[PDB]
């Protein structure tokens, strides 16, 4: 603890950007801004509705902040899905993100989940009521198999949050707990399966590719975040339980051993990501290659992860990592750094109030 392993999280970072073949960029600053606003505008209007405004107990500023964070992530990572697809996914991923804010015990609202579900009665928990109502707008872009994947992962995520409320990092010696919890709320199968709109792909035709992509992308996606993320949590305990911190508590190892473990899985998931899809269907490899780069581009740009600080304290160095850290860093900014004022407007609150 204390004093960030500042270099390893640069080297590792470059190792990652190199492995994934951090080519240049996905869009052109204007294509991004174009999508950003399209997605944001549809979402903002959605969450601004009376019903949504009522059932979704969340602080306005938080909602605004979250919506904007999700839209960016989607628009920069699902680089090849229609504008509509970006938007709808953005609504769904905003719902999931906003659910992490609930402090309300699910228990009582989940006592009749299955009977209500099976009988088509509106769910008790208001979140389920909204998400299941909105789901068709997401699900329409996909085939039956990929849809099943989104449905499951979202269910898994609901359980994931329930567990998170107990702020439990696992019993010492419970090695299987950390990843069990990480998968539970990583939305991995939701992400990986949403990368294949039936309009651009055919599940039946690319079933083995898609299935393999879901399998592999799930871990790359969660671990790449856990890494980039380790910065805004190295100093924050208000987020006590985390894959790295749970490894420590569960596997009984040092924060460094834990952070080392993650770094090994991450670089490895990367190496294999490429080894498998490089020679596969071009369109497939392209969606994958783009999601990775976009995903990394987003982490480096969203103020959220405060990665700009790592920039500051590493702009004058002359290493073969401290430079490979900003050589890429900058690349991200030149195409992904965009002032919200250019796309995120008007504020959800304003639309809602109207």
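Positions refer to the first chain, counted from 1.
Return whichever of 121 to 129 and 270 to 278 has the greater mean Cα B factor according to the PDB record.
-> So the stretch with the higher mean C-alpha B-factor is 270 to 278.
Take the C-alpha B-factors listed in the entry for 258 to 266 and for 70 to 78, compute each mean, and give the stretch with the larger one.
-> Higher mean C-alpha B-factor in the PDB entry: 258 to 266.
Of the options 35, 64, 319, 52, which has the highest CA B factor as deposited?
-> Top of the list by C-alpha B-factor: 319.
Which of 141, 152, 92, 232 ranks first by CA B-factor in the deposited coordinates = If I rank 141, 152, 92, 232 by C-alpha B-factor, first place goes to 232.
Going by what the PDB entry lists, where does residue 338 fall on CA B-factor within its chain: lowest, middle or highest third?
-> According to the entry, residue 338 has a C-alpha B-factor in the chain's middle third.
CA B-factor ranking of residue 253, expressed as a third of its chain | For residue 253, the deposited C-alpha B-factor lands in the highest third.
Please rank the C-alpha B-factors of the chain's modelled residues and tell me whether residue 312 sits in the lowest, middle or highest third.
-> Lowest third, going by the recorded CA B-factors of the chain.
Select lowest, middle or highest to describe the third in which the CA B-factor of residue 57 falls within its chain in this entry.
-> Middle third, going by the recorded CA B-factors of the chain.
For residue 228, does the deposited CA B-factor place it in the lowest, middle or highest third of the chain?
-> Highest third - that is where residue 228 ends up once the chain's C-alpha B-factors are sorted.
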